[PDB]
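Student: My complex, part one, positions kept as in the full thing:
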Amino acid sequence: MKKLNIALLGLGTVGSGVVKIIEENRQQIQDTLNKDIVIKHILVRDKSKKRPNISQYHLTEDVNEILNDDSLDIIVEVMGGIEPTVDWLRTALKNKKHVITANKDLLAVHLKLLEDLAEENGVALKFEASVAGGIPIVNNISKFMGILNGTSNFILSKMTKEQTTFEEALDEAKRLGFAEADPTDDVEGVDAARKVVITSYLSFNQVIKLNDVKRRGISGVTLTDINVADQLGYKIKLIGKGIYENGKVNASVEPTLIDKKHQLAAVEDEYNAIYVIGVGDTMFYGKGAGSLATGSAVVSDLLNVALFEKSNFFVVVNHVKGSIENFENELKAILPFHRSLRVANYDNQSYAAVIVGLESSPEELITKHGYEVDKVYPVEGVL
């Protein structure tokens, strides 16, 4: 019958899952689709390490053995990395091989360049990406907002629910394995920013760079912020956001007050969600694909290839003399025209304000009038 010769680049949990899925379905893929899938090579970085299962496949540490094997039809890449992984896939596509990748490090620049190279060479490129269980697989979309990093969200949920400091919540997350020992990628919003890049590419068909994402992490969020927001009617989340207005994507990741009635406000712990605006709003909620589900998507893609607004702001000001009423009147005098304002006690000689309907952050303005602005967080879900 028709042999489909494939190679895997990488064999972590995802690659091991792909293998097992192919194994336990080989007979039905054979019997039904008249295709015999042969895993001819598996590239691993270290043949002598352990996994995952001593097995029957040809393992190699030499990628050229795979890229120069002209009998191969499809390369499945689950290795990760940009260099030299991306060049490997460029070579594969140039050699007229279909590519299916679940590479988590790929950004939009990479995806576009591979998609183009694929089309140019008359072969498929299937990208398997998850941000919120499972995979997008999402109009015209004008805006998305997401909670895109489990660890950061877990930390904010723990602070909120158990009334602990960031430092205490981060240690707890480390203890439970949610946070790594160096948790920077999670708590500084970098992981979420990568997902904003990919989601902006799939939603808007625009390539932005990782450093075009205006990014602030959660390490400066305090219990005071959480409790003041709470009394104002908001939760605090690390929100990854993209807005596509007038040919331009504005993308960000930062601590954001979210109205408690918004679906995103309810997304707690290590759960993720992507909320899409265009038609009514839509949302996908979940932890975001496990190895087994990602593996499943890969094999399905394998079988398919075989077949063929104003802005709102929360502003914290300190060293304020005088009463909250006086502060409120002063803000009313200095702000440009806006829809609404509320003020709250924050700390000793410190007030917070939620301001609805500005074109940009009033931080510099409030600063230029002689106030000490601690920080400003955007406010979402308003009405």
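Tutor: Great, that's in hand. Numbering: from 1, shown residues only, chains lettered A, B, ... in the order given.

Student: what are the phi and psi values for residue A:268?
Tutor: Torsion angles at residue A:268 (phi, psi; degrees, to the nearest 10) stand at phi -120, psi 160.

Student: For it, which non-adjacent residue is closest in space?
Tutor: Setting aside the residues directly before and after it, residue A:268 is nearest to residue A:157 in space (CB to CB, 6 or more residues apart in numbering), at 4.5 Å. In short, each C-beta sits where N, CA and C put it, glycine included.

Student: mind checking how far the one you found is from residue A:186?
Tutor: 13 Å (CB to CB, to the nearest Å).

Student: which of those two has more neighbours?
Tutor: Shown here are residue A:157 and residue A:186; by other CB atoms under 10 Å, residue A:186 has more neighbours (25 against 19).

Student: CA atoms only for the strand or helix carrying that one, dumped as PDB, please.
Tutor: Using DSSP states H and E, residue A:186 falls within helix A:184-187. Output of helix A:184-187 as PDB, limited to C-alpha atoms (Å, rounded to 0.1, in the frame of the first residue of the first chain):
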ATOM      1  CA  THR A 184      11.100  35.600  34.800                       C
ATOM      2  CA  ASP A 185       9.500  34.300  31.500                       C
ATOM      3  CA  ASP A 186       6.200  34.000  33.400                       C
ATOM      4  CA  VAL A 187       6.200  36.800  35.800                       C
END
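
Student: ok, residue A:351 - contacts?
Tutor: Applying CB atoms under 8 Å, 6 or more residues apart in numbering, we find residue A:351 in contact with A:316-317, A:320, A:324, A:327, A:343-345.

Student: how about 7 Å then?
Tutor: Contact analysis of residue A:351 by CB atoms under 7 Å, 6 or more residues apart in numbering lists A:317, A:320, A:324, A:327, A:343-345.

Student: Same question for residue A:299.
Tutor: A:18, A:21-22.

Student: mind listing which of those are in helices?
Tutor: A:18, A:21-22 (DSSP state H).

Student: Neighbour-wise, which one of the residues you listed leads?
Tutor: residue A:18 (29 neighbours).

Student: re the thing from before, doesn't residue A:269 make contact with the residue nearest to residue A:268?
Tutor: Yes - judged on CB atoms under 7 Å, residue A:157 makes contact with residue A:269 at a distance of 4.9 Å.

Student: hmm, back to that, any idea how far the residue nearest to residue A:268 lies from residue A:191?
Tutor: From residue A:157 over to residue A:191 (counting by CB to CB), the distance is 17 Å.

Student: residue boundaries of the helices in the stretch 51-200 of chain A?
Tutor: Secondary structure of the stretch 51-200 of chain A (DSSP state H, counting those that start in this stretch): helices at A:63-67, A:85-94, A:108-120, A:150-162, A:166-175, A:184-187, A:190-204.

Student: then add chain B to what we have above:
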Amino acid sequence: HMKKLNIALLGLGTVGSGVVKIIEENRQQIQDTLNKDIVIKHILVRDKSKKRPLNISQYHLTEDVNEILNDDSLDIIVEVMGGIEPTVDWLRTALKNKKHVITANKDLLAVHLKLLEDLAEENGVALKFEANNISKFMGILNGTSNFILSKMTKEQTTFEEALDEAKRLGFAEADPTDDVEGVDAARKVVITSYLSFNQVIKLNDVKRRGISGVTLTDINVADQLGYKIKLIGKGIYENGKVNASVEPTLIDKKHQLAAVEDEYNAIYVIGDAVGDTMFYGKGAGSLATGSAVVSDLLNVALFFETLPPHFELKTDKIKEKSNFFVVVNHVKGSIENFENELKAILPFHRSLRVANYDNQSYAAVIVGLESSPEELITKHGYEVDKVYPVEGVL
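Tutor: Below is chain B, added to the chains above:
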């Protein structure tokens, strides 16, 4: 160079009219890009004489379905007519005549879908319908019912008042039975159970209660206990058997479903070795359904010249209890006495909380029972007003 894709439409309501307009405004791009020319050769309608827009008048309308079913030039039949009889037999005939079928028929249940999918596969043609290891799903599957419960909750009105308001705003139809009695949601549970579990159940197998008995008191007492009330359509697949229901259900306020308000719908999915997932959004209008039909049409257009479920083995490293909200009335004595009696009579369970409901009326939320304590409470001399299931947890 181009090849004509000859289609026929069965029915021309809002959905069929949308399909036509969508095909019209995309004909040139479908032509120019996919090298296929879609020709709507026949449209079946009930009444060929009724006034119609200028655009419709240029298509060949017929009242005779055999004209369509005996036209061997047709590649695809698009059914948007509704009905089971005779519509289902029409589609059986089409499939047997080697025609692809795309249906947005809202009256189709799992029995019909399976019989058509099989017949399609048997005849080597596509069947597309618009209308994992999953073990359970729970959904808010009817916009109108959910809107009513949200309005009762947020605005503190009676069911009757909230239903009238929903009628005024066009959410509820003038005869809203299908919505408020949970029939629509029950149909969706049937379909969702078929797609989630690959099991056919009948509509009559869905234990169904509507929302017309939910009161503001239920809502406010649930609220004080930490719950919202929703109309939940639910399917649980345990030991080869699907247990399916639609009914008013208390949902812990911290559960993602609890936040789904007004006309929005959601399907919350639970699976054996995976996190929970949920999809949230409004029910499709005619335009979106029309859009789905055309996209399915274009996908089938690439059938030009199979079916599997991938099975998973995890080397990748007790029946669930039930929870209940019980309202009892004509109760003499104190809430403490009621609580103590329940503690004495209930079989083993994980927790019990009681609340005032009305004059000589109490409610209890009981977590972790094997089965409804209704008969048991009844046999101990309590008048049970009603019992709702309770979801979300720990």
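
Student: Revisit the contacts of residue A:299 given that chain B is now included?
Tutor: Going by CB atoms under 7 Å, 6 or more residues apart in numbering or on different chains, residue A:299 touches A:18, A:21-22, B:310.

Student: Tell me which residues touch the closest residue to residue A:222 other than its chain neighbours, please.
Tutor: Distances taken as CB to CB, 6 or more residues apart in numbering or on different chains put residue A:166 closest to residue A:222, at 6.9 Å, once the chain neighbours are dropped. Applying CB under 7 Å, 6+ apart to residue A:166 gives the contacts A:155, A:159, A:219, A:221-222.

Student: Contact residues of chain A facing chain B?
Tutor: Residues of chain A found near chain B (CB under 7 Å from any CB of the partner chain) are A:13, A:17, A:20-21, A:24-25, A:28, A:32-33, A:133, A:263, A:266, A:280-287, A:290-293, A:296, A:299-300.

Student: And the buried ones among these, selectable in ChimeraX?
Tutor: Buried members of those can be picked out in ChimeraX with the line below, counting by 16 or more other CB atoms under 10 Å in any protein chain shown:
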select /A:13,17,20,21,25,33,133,263,266,280,281,282,283,284,285,286,287,290,291,292,293,296,299,300
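
Student: Of all residues in the stretch 101-250 of chain A, which one is closest to chain B?
Tutor: residue A:133 (4.9 Å; CB to the nearest CB).

Student: List phi and psi for that residue.
Tutor: Dihedral angles (degrees, to the nearest 10) for residue A:133: phi -40, psi 120.

Student: One more: residue A:58?
Tutor: phi -80, psi 110.

Student: That one is in contact with residue A:41, isn't it?
Tutor: Yes - using CB under 7 Å, residue A:58 is in contact with residue A:41, at 5.3 Å.

Student: ok, those two, which is more surrounded?
Tutor: residue A:41 (22 against 12; other CB atoms under 10 Å in any protein chain shown).

Student: What residues does the more buried one make contact with?
Tutor: Applying CB under 7 Å, 6+ apart to residue A:41 gives the contacts A:7, A:58, A:60, A:65-66, A:69.

Student: of those residues, buried ones?
Tutor: Buried members of the contacts of residue A:41, counted by 16+ other CB under 10 Å: A:7, A:66.

Student: still on that earlier bit, just send the contacts of residue A:166 back as JSON lines, with neighbour count too.
Tutor: Output for the contacts of residue A:166, formatted as JSON lines (neighbours: other CB atoms under 10 Å in any protein chain shown):
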{"residue": "A:155", "neighbour count": "30"}
{"residue": "A:159", "neighbour count": "25"}
{"residue": "A:219", "neighbour count": "16"}
{"residue": "A:221", "neighbour count": "26"}
{"residue": "A:222", "neighbour count": "17"}
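
Student: which two from these end up farthest apart in space?
Tutor: A:155 and A:222 (12.3 Å; CB to CB).
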